[PDB]
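In the block that follows, a single chain appears as structure tokens, in the form deposited in one PDB entry.
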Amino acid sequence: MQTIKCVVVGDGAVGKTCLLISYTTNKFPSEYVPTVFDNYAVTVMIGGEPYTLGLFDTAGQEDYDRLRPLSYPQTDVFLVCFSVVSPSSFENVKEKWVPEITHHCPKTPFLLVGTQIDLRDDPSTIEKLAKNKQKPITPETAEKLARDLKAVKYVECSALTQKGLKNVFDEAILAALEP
């Protein structure tokens, strides 16, 4: 069977693990959220052909910087993640994540993925963001960064509401089946 290996990468607390659990189980986790997603593989039918899809989470904290890339070999697509209510995480896409994956997997395509979009329209998050100056990241400014850093595209989702969730992984599968 042909195999798609997808690796999810990004800052701590952006929602990497929950995005993976909500997508694979169709449930948002509150009771069991490991730091790194449990081992997962599934059958995907793509144009009548069966593919193995393997989804790999990572630990984004700098303590693991020398251990994290052990899971990069043979990766077919990366998901580079940031929360749309964390400008800090958006910044690290440019300065840490894309430099990291392109140093190890220099021709492997990647999507830029915005997470937690249900917090864009939640006052307390905007309230907290107004203090020390920040606003949520918009699809516009995020699409620019994706053009700049040569991501396949920008996609967006909420693990909590499941909005856009299916599409993120459809696009990833497509980006994996490429030149």
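Heads up, when I say rigid core I mean the largest set of C-alphas that superpose within 1.5 Å between the two forms. Counting begins at 1, following the sequence as shown.
What comes next is about the form deposited in another entry, which does not appear here.
In the overlay on the core between the shown form and the other one, a shift of 2 Å or more in CA position is seen for a single residue of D38, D121, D148, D65, which is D38.
Relative to the superposed rigid core, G54 undergoes a CA displacement smaller than 2 Å between the shown form and the other one.
Relative to this form, the distance between the C-alpha atoms of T102 and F37 is increased by at least 3 angstroms in that other deposited form. Relative to what is shown, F37 and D122 are farther apart in that other deposited form; their C-alpha atoms differ in spacing by at least 3 Å.
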